[PDB]
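The chain that follows stands alone, in the form deposited in one PDB entry, written as structure tokens.
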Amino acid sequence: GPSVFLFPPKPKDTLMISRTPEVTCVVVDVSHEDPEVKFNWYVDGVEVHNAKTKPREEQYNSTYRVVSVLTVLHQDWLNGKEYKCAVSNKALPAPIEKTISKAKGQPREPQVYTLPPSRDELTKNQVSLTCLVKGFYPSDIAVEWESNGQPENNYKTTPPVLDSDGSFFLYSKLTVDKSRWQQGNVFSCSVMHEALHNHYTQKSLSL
């Protein structure tokens, strides 16, 4: 029978008013015998109908994949409203419902600390700049690097890790040519999180 997957908006979308956060209800494994699928959307149990269903797309394994997108208000998501996607299909014993919401719990402000490279790493051609983000809740967060206004692309960020006190932490590693760090260039770690002022903070790092 069919399967349903419900995806939340990206952390960055809910935190910046310029962007459009969306919850996405994906239905896979819809057979040819019964291709009609209907979506009912609910916000805290109140049915809404402003969703946008996309017309079914046959996949290469002879099954139809139907996607429905519901735009959400930034403050609705941040205020913790529940979003329920009810999927009905005549080849189902009963409709399938999935619910998604922001993690429950008191939000906490990320602490952002930039750490320079260990002196051991200076014998390398490239050095690792570290951004420690700890003590934040919920785990939805975005981390970026930049220098002199332009983005740095050669960086990787760990997934959020549950800390011992119930908050989350992560590390972000920016890799630059050792020549740039030695010159004295300034690098900045950008963090977006709901518990930040303007949902944004910036911590710089230089020799």
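A residue's number is simply how far along the shown sequence it sits, counting from 1.
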Worksheet item: Out of 78-86 and 93-101, which stretch has the higher average CA B-factor listed in the record?
Response: 93-101
Fill in: Comparing 129-137 with 111-119, the one whose average Cα B-factor in the PDB entry is higher
111-119
Worksheet item: From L174, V69, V30, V43, can you pick the one with the highest C-alpha B factor in the entry?
Response: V30
Item to complete: Name the third of the chain's ranked CA B-factors that contains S18, choosing lowest, middle or highest.
Response: middle
Discussion item. Using only modelled residues of the chain, where does the Cα B factor of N154 rank: lowest third, middle third or highest third?
Written reply: middle
Worksheet item: With respect to C-alpha B-factor, does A51 fall in the lowest, middle or highest third of the chain as deposited?
Response: middle
Item to complete: Please place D163 in the lowest, middle or highest third of its chain by C-alpha B factor as given in the entry.
Response: lowest
Practice prompt. State the tercile, meaning the lowest, middle or highest third, of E144 with respect to the CA B-factors recorded for its chain.
Written response: lowest
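Just so you know, the form solved in complex with a partner chain exists too; it's not on screen, but the next bit is about it.
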Discussion item. Although the partner isn't part of this model, could you tell me whether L15 comes within 4.5 Å of its partner chain in the entry with it bound, counting any heavy atom of the residue?
Written reply: yes
Practice prompt. Report whether the minimum heavy atom distance between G149 and its partner chain in the entry with it bound is within 4.5 Å.
Written response: yes
Worksheet entry | 4.5 angstroms heavy atom contact with its partner chain in the entry with it bound for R19 | yes
Item to complete: Find out whether any non-hydrogen atom of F7 is located within 4.5 angstroms of its partner chain in the entry with it bound, and reply yes or no.
Response: no
